[PDB]
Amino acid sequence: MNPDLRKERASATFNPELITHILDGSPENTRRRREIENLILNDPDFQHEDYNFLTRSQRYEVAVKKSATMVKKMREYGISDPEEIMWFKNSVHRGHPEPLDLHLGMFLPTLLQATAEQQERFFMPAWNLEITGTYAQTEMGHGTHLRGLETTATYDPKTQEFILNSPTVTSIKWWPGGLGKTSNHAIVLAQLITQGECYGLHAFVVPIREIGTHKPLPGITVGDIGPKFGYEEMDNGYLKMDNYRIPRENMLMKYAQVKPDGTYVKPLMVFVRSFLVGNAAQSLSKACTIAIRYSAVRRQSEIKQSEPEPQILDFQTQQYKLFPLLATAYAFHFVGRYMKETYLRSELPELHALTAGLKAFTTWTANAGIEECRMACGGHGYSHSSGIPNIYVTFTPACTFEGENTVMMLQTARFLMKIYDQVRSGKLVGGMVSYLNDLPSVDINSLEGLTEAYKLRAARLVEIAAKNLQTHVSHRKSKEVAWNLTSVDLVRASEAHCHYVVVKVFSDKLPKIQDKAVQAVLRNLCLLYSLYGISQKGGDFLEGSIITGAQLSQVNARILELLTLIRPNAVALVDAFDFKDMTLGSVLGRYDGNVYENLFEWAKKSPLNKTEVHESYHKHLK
């Protein structure tokens, strides 16, 4: 172990193992996860060349190979627990996306909005991988506005079939993972038309590739959508249907149905968001792990000229770049847990609203934070050897899919304005919005005072958004136009509300921490996260007379003091995440700190060094 990394771990004031137990939910979960990880790590069937050393085509291929093997082994091992399944999948794919993602996450599950008959006709085959499926929702012309989807499913009463059609180039399904080259079946969301009337979006099981040959069936045009910022191993695809016929019985009819004669009948998410909040926390933590360990190993420049080059971790600016993000990572981990907890327990509107907002809030912050970690590593951060570019590229789509962040913040804003209007009418509201009862609209030393500051800041920005929205409605009449004209203020209000919630949830968790040394360090992170947010948006607190200019300067001074107090625990705090080297996929972030020797080897193992002379020399230079 690098002596520089050993001294950092020796200075730690707490036992990281205890934090790992908390993150996993219990000591037994930690044990189970580590064992499943070990199970995959030492299995030859899941090993291969570094993804960065393979072409995109080869990445997709190894992905397909591991995913197929993945399903087989979990079945052989009798792994059914959703939690274990996740650990298993994560370990097998080293954090990278995989082509059976929609097959296992949407295809099979959805078949469980289907009838019995259908379930026993498409499930079993799909479960055994005799069939490979995906879910095709998004179209080239529509992602956010589902009402605008153009794909149609027109019933033909003469043959009792649905005619699936992509009338325009924009109607082509676009983005579905596993749709490109992996699946021979796709559940397509289309506008159902029967008896000359449209009844909205419905789901249809659409066979798309021939069994045995995997050849696109007649009337089907399908393929990969091309290279992207990341997601190399994912065959995100497109699907164009030329009045392609399928049986009536291919329509998922659990909720709504269409009779043989064509009569339409009946009818008689928070989960994916909670996961995305966890994903944001985890990716940011991986990034922080790499940058902080590297910062402890990397020595450069100087403080005292008469002293040897110090670890860059010694620099206050370096600490300012990373510790606040380290604190953010922990804050989000607990925020994610709070979400799962709350969801597992009239409070639904509140749940949907908050979950939409937190999903956007956390993914945006983790997004920027990951790149800050990459840059804090200097030049070596740019090489894939740092492992951070892959983490960023793999994570960033989270701000776009499962509800575009800005749209999600506006959804949260609609809820806040509703509550604002209720209070304005004389009603007493509850939940995390209780503070709105104190409208119209502290101690920087305590977490209770800091939480109260965030509460008041949220109340103030909600009031500003409501007032401006009202002004626009009054002068322009249309509430829809008014909404757009105050949308920037509204999103800011949603952001402030979510920020308050994260601070409160993080603060509320501290008292529950059993080990004192653990509680103390996590308290410092909570304090740093809170103070940091105030410093970053000081204007919000000053404009609302929430804190004085003097307190703001105190906040800034206190943030710097916390950095030195956190420094001794920096490395142990990232070790606590318990990421394996294979999971970080980073030479700079290796647990043992032996960076340089391993970096040299990594480079020599890379593709362009297959030969000493590149073919281009003989053709254009010689």
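Start at 1 with the first residue shown and count on from there.
The deposited sequence places 4 to 9 unmodelled residues between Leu268 and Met269. Missing coordinates between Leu112 and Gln113 amount to 1 to 3 residues of the deposited sequence. In this entry, 457-465 shows the higher mean Cα temperature factor of the pair 366-374 and 457-465. Per the PDB record, of the two stretches 298-306 and 380-388, 298-306 carries the greater mean B-factor over its C-alpha atoms. Going by the entry's values, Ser553 shows the largest Cα B-factor out of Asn569, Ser586, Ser553, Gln58. Comparing C-alpha B-factors across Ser487, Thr396, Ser545, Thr471 in the deposited entry, the largest value falls on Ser545. Among all modelled residues in its chain, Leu344 ranks in the highest third by Cα B-factor. In the deposited entry, the Cα temperature factor of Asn90 places it in the highest third of its chain's modelled residues.
For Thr152, the recorded CA B-factor ranks within the lowest third of the chain. Only modelled residues enter the ranking. Remark: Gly403 belongs to the middle third of its chain, ranked by C-alpha B-factor as recorded.
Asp581: CA B factor in the highest third of modelled residues in this chain (values from the PDB entry).
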